[PDB]
Student: 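Below is the structure I would like to discuss, written out as structure tokens.
Scope of the values below: all heavy atoms of this structure, side chains included, with no hydrogens, waters or symmetry mates. Sequential numbering from 1 along the given sequence is applied to the chain's residues.
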Amino acid sequence: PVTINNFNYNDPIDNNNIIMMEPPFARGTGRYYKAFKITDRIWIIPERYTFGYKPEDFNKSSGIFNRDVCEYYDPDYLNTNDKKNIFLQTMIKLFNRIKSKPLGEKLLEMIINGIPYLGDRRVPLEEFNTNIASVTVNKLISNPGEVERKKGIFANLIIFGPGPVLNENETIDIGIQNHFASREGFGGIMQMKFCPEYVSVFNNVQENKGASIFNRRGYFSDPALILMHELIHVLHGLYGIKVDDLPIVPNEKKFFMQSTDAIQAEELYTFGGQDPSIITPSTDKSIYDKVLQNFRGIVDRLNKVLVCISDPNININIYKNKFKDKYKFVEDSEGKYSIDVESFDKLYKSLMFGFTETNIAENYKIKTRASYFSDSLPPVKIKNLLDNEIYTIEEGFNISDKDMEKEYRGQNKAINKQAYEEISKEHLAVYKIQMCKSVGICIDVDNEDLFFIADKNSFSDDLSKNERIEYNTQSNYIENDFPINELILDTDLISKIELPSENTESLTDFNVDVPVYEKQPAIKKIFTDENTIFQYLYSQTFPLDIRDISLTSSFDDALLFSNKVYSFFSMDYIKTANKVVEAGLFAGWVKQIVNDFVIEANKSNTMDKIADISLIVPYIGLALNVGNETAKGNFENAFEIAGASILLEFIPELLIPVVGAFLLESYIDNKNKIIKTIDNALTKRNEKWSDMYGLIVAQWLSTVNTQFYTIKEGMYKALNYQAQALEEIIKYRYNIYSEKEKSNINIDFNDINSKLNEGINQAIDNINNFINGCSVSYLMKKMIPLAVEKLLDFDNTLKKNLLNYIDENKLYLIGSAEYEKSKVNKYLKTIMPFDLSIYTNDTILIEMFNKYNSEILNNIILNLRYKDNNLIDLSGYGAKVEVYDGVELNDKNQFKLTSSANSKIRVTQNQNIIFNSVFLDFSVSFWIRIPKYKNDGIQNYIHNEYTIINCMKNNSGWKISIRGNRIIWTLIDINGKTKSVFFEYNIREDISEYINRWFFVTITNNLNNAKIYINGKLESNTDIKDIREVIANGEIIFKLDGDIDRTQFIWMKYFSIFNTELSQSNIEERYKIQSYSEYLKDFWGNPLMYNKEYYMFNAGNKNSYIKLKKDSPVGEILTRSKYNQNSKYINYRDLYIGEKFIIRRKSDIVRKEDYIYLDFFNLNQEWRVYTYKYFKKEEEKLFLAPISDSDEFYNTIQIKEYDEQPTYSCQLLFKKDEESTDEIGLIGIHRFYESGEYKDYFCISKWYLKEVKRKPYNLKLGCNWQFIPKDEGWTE
Ligand SMILES: [Ca+2]
Ligand SMILES: [Ca+2]
Ligand SMILES: [Zn+2]
């Protein structure tokens, strides 16, 4: 297998395994370096990498080499022989750790055997030229102090110690005359600057580094993985597939944008995971073709190679077979070398998608960062990698014997502190952006905290090019993944040809391009007066000296005053925090403010269901002020209106090209060769859909999801700053006390911090679910739909491209031309559903997606709501809403459609929303209030159906209509067949709960059933299996339509459409959510009001009402009069009878638990409704007298709501006073006794109390009342 050699730095030179090498970049001028052969073709030079740097660059200065790295400098690392030996031994241990596993051993093998082609682009096809700096490197055989003799050798990898920045490991290829053999199929000598002790630190905002705001967070990297990551780069460069292509370039137009270097796809491929997804499928192929093209040139070179002038010793045939093995070329029974497409795809996918930091980390059970695009914390120093107590060849730091395996605990900074030491910041250099106000007042910001947003130029416009379709044309796809299991069990991948002699002729042509580096300014000062997220987080910090601080809700005050710390929590929380108390109450206050912190923090779990938003973190706007000034006004409201988009610091300009046109080829007389050109144009069409989605996905990840990542972090920093500030205040107050006082103070700083930490972790989980949801929200509604638009345009242009073609082939297509005609129309009849897991297999991304799709609220494609005297669509799809003057609207979300021509609403749906995924799957919900028939017009009521909401496209669509006491749903397939379901309430009931009363309607449609729900209960079901296609995304017209009587009107509310069938459970919950209110309601369902005339109704005694007895001060219970007229089709009990009551306030709208005075009119006077007080009887008549302080009777009343389910009923209860839980009784009706038919009265009663507590709540109780005002919808 793979043998790892052992040596000691001081071992003698032998010119074989221990040499004095002359590195490629020394150009063969001056001293050499002692090098050790760790394995075949791989060398170790335990010294600082100085090629291209200046001695001073090794010292820490006010400069930096890389902008997005927290650089560590130490010019003393490797400055002694013992340091050099340690480096050597550590490299040996790391290589042993790499091969301890099959996967890593293979990596080493491919690399060892992936010898560089002998030559590069400049070399003639017929020759092998080893005399090039990328192939041969010299070793000094000559005695000490002289270069009398230099011998050449072939090598694959040369690993040096670090360059100026210890933690900046890098793999370098050799460029000669501006070209790179390692990027053009040849391969060449690879170099690496590497440091094993100073490893990077990372952590997940989603996860929780042992969860502790006060304890160190993050994980440190296993250097073996870091080395394998560099070895992958090395592998690519050896196989010469390290090609350059369209890079991911950061947008740097805005001050808040992260500045960084261009990122090649080879870099993201190397990391693996979700990163390859940032590289569009278009570019994945561009790189694929390039590599394949480089290989083509190589295989041709093998078929032509004849001699080697540079080294007479080279055995042509020996090498031809070694390279054939290296590139997996095929040899026919002729000696002809060929590229077997299948074996090429395998090798390519193995090298680009098999060997990735992510796949290796997983196999080795090593933890690593979530993405190349994730915050880079400060590095740490591993105490001693050579100490098996700390680091083993088999497990790294995650040693199970030390119970350090479970959960990568061994890499956990807070857990395995005996493994590392922190680093002296005085020696750290970091690129900072200084943001100055032009007043001024500057804030230093790490370039890591900025928003990384990919520029539009990063993406491939290739989708706009034309496609030549032939009977041959085929589908092109590249799976950005590769089963790691088979790569490990893959036999014929391994080298099957021995490694040739590494000894060759000396290199005399030292021509080579040596990279020159120079530090760049570590701080760039820019001018801005914007007070965005940076400024906001800043206002939450305080100087290390200032010890007496106080919180403040004023951002500006906090900026100016150093002892003032901004807080985005409640005014209450803030005042309590600045509160100063006596030592004897300090404990109680600490306990209060802490528990309060937790409460405030946990408001991150707020629900906004009524607004169709399950989760909202209301304080994010106040905390960061990111996006469109989210710290002003009410964030919840603003979000309900604009959604995720408001949180984005910048709205990216997407690249969504017009998909180029297809040019079909003619194959006259050849029926088949013509059919294929159709079937193929179809499949190539599917390719364009998928490729467009990938283009969207790649953009979503690098321009949008990056910003939301930045917001999640910002919020983590924000919660910490708040906890830190609180503790600072708490500690400051405590130390004001005397030691004698402190002694008698009950304080546990480990309880405090624990609770504060527990509150943050919970908030972080909410914030993360919320932000991820927003991210996915933006993708699905603000990005995908736009791609769908173009894709349909194309799908269309292509439809009339194939039809024409079929036309011109009528003669050749004969008796089937008409058959394909359909083939084309039907194949293009369904749009490809977007599925994220097609472009990524990342676990987190997939879960974000599956979760978003599991929330029913995300299927809402229409949600008409009120906003500034007008209706608008808040589904996020931007439906067009045209409301005409005839429509009445109010802020209670109700709108009225009259008989007027101008009372209508026009909705133009979004054409890009997947709806007719074929099989019919959707629902519609809304609240409606339909007035009672005109007693003198019942004939036109019963007969005569008028449409209220119409939605048709080319004579097909759906319709909601009404025929009196019946609401109707109607479907019309693309042909003309029609099926309908309906609900119909009765018009002969004494008291109807539908007529003129608000009620919930939901209509759902799945493959074979259209159902109608009323208040969450199923009322009717219609089998609609027949029905063919049904166009439904046409315009929706809200207008009363048909033979309608001028006085006809309809109230509607909360109109919503879902692109899916709602379950009975969803419906019932929507019913409950939309029924909830803090105010009570009247008989009709409207908000209950104070100072409003109302007749009373009793849910228990339907036909009973209240009349003030001619004699005494009590309320009789007469019987409701009734339909006196003579129509046998209608009947009811007069509602506007009995006393005319009016609700009065105690201490506008009538809310629960409110205290009131139930008065009522009597001629001109306004009397009240009192109780006795001492009725030692369970129940007894109430007292209706004028407005006097009859201290003999109770007056005040507390209206309540005991029913947990929706209802327009309310209760009226008396209390000893607005304080004493001591109750008196609830208002109702009870029959007593009187014989010359007894007599029921306005009986109050305690018997109720026990009853109300009953579940399910009792609807028919006598304490259940309802208020009825004259309404135009009800005439008697
Ligand atoms: Ca990709
Ligand atoms: Ca301050
Ligand atoms: Zn890399």
Student: Scan side-chain atoms only and decide if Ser925 and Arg1070 contain a donor-acceptor pair under the 3.5 Å cut-off.
Tutor: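 Indeed, the side chains of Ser925 and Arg1070 share at least one donor-acceptor pair under 3.5 Å.
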
Student: Anything under 30° is parallel, anything over 60° is perpendicular, the rest tilted; go ahead and classify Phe1038 against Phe895.
Tutor: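 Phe1038 and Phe895: perpendicular rings.
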
Student: Where the side chain of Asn1162 meets the backbone of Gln1165, is there a donor-acceptor pair that is under 3.5 Å apart?
Tutor: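 Not confirmed, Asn1162 side chain does not pair with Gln1165 backbone.
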
Student: May I ask you to say whether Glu1223 pairs ionically with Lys1215, meaning some side-chain N is under 4.0 Å from a carboxylate O?
Tutor: no

Student: Kindly state whether the ring of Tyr1071 and the ring of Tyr1013 have centres lying under 6.0 angstrom apart.
Tutor: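 Ring centroids of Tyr1071 and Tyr1013 are no less than 6.0 Å from each other.
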
Student: State, with a plain yes or no, whether a side-chain heavy atom of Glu888 is found less than 4.5 Å away from one of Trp1051.
Tutor: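 Answer yes - side chains close enough.
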
Student: Looking only at the aromatic ring of each residue, does the gap between the centers of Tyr994 and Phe983 stay below 6.0 angstrom?
Tutor: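 Yes - the distance between ring centres of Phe983 and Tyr994 falls below the 6.0 Å cut-off.
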
Student: State whether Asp1041 and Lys959 are salt-bridged, where the test is any N-O pair (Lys NZ or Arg NE/NH1/NH2 against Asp/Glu carboxylate O) under 4.0 Å.
Tutor: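 Salt bridge flag = no for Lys959 with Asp1041.
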
Student: So, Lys1270 and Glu1093, do they make that salt bridge, N to O below 4.0 Å?
Tutor: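 Salt bridge flag = no for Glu1093 with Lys1270.
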
Student: Which word best sums up how the rings of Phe1175 and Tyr1172 line up, parallel for under 30°, tilted for 30 to 60°, or perpendicular for over 60°?
Tutor: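 Answer is tilted, since the angle falls between 30° and 60°.
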
Student: Please examine the side chains of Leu1080 and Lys1152, heavy atoms only from C-beta on, and report whether any two atoms are closer than 4.5 Å.
Tutor: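 They are in side-chain contact.
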
Student: Is the centre of the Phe1097 ring less than 6.0 Å from the centre of the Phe1083 ring?
Tutor: yes

Student: State plainly whether the residues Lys896 and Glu1272 are in salt-bridge range, i.e. N to O under 4.0 Å.
Tutor: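 Yes, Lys896 and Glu1272 are salt-bridged.
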
Student: With a distance cut-off below 6.0 Å to the six-membered ring centre and an angular limit of 45° from the axis, does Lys904 pair with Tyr884 as a cation-pi contact?
Tutor: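 Yes, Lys904 and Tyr884 form such a contact.
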
Student: When you look at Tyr1105 and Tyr1095, which way does the ring-ring contact (aromatic ring centres under 6.0 Å, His included) test go after all the steps?
Tutor: CA-CA 8 Å; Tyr1105 70 85; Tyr1095 291 85; 9.3 Å; no

Student: For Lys880, I'd like to know if atom NZ has over 12 heavy atoms of other residues, nucleotides or ligands within 6.0 Å.
Tutor: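 Incorrect, the count does not exceed 12.
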
Student: Ignoring hydrogens and geometry beyond distance, is a side-chain donor-acceptor pair present between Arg1144 and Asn1091 at under 3.5 Å?
Tutor: yes

Student: Can you confirm if the aromatic rings of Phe1267 and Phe1141 lie within a centre distance of less than 6.0 Å?
Tutor: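 No, they do not, as the ring centres are separated by 6.0 Å or more.
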
Student: Any luck finding a side-chain donor-acceptor pair between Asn935 and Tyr1132 under 3.5 Å?
Tutor: yes

Student: Any chance NZ of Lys1122 has more than 12 other-residue heavy atoms, nucleotides or ligands included, within less than 6.0 Å?
Tutor: no

Student: Say whether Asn863 and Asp612, considering side chains only, have a donor N or O and an acceptor N or O under 3.5 Å apart.
Tutor: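 Indeed, the side chains of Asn863 and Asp612 share at least one donor-acceptor pair under 3.5 Å.
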
Student: Before accepting this row, confirm whether a basic side-chain N of the pair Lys1072/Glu1069 lies closer than 4.0 Å to the acidic partner's carboxylate O.
Tutor: no

Student: Can you establish whether the number of heavy atoms outside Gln1198 located under 6.0 Å from its atom CD is more than 12?
Tutor: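 It does: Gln1198 CD has more than 12 such atoms within range.
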
